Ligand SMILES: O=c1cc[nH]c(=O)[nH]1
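Okay, so here's just one chain, in structure tokens, the form deposited without this ligand.
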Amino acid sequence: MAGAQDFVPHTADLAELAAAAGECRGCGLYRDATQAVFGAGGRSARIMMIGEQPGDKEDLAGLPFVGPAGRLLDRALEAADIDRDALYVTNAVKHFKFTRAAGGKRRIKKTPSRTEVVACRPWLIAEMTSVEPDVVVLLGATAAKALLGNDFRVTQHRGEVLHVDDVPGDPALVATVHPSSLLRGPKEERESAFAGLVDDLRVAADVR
């Protein structure tokens, strides 16, 4: 078998899937991470949101989007009039890939290789088959490329509703900036970028 496929059980039950992901060895990232971080939410969710990976806070909370980027995402969701409890939120890879620097105040995320993304993608497929979302919001380059192709450029398709043929259930896809990118930079640029994230979330939420 390839990647995580043999570790994925034949079930759409999210609790069963999350327990199975705790035992995944589909790539190397399970070794140094604290635990797998599966998606959070229920199968009635109409909107699925996919980030890159659990970060330092998520790796220990056991839940996605709990750190500063998650708090910015909550502020954007509220501004977009979307209830976070109604979404299903997850990440392209389920184990935190990291390093430390001497004197650092946190573990530093490292970018998943395309190999790791493809290895973990069976979990993402299981999640999408389980949830059957009407729309998938892809937060950042890694997540967007996971579904849209390794050459895809988030920066070139902002605001656009995409549909690709190899995605199960043919949901609408909206690729946007990852909330972590909005945490730093000059104020005017951060404020414009925040408005653009709210716009993209509203596009996704307006999908019938």
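Numbers for residues come from their place in the sequence shown, where the first is 1.
- The PDB entry records a higher mean C-alpha B factor for 158-166 than for its counterpart among 54-62 and 158-166.
- As the entry records it, the average C-alpha temperature factor is higher for 74-82, out of 89-97 and 74-82.
- Take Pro133, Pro112, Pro122, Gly103 and read off each C-alpha B-factor from the entry; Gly103 has the highest.
- Based on the entry's C-alpha B-factors, the most elevated value among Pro68, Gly149, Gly26, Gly39 belongs to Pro68.
- Ranked against the other modelled residues of its chain, the C-alpha B-factor of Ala20 as given in the entry falls in the middle third.
- In this PDB entry, the Cα temperature factor of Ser181 sits in the top third of its chain's modelled residues, the highest group.
- Sort the chain's modelled residues by C-alpha temperature factor and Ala195 lands in the middle third, per the entry.
- Annotation for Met128: CA B-factor lies in the middle third of the chain's modelled residues.
What follows is about the form solved in complex with this ligand, which we do not show.
- Heavy atoms of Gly41 never reach within 4.5 Å of this ligand in the entry with it bound, leaving it off the interface.
- Taking non-hydrogen atoms only, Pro171 never approaches this ligand to within 4.5 angstroms in the entry with it bound.
- Using a 4.5 angstroms limit between non-hydrogen atoms, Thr176 is distant from this ligand in the entry with it bound.
- Along 36-68, residues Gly51, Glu52, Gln53, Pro54, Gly55, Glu58, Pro64, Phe65 each place a heavy atom within 4.5 Å of this ligand in the entry with it bound.
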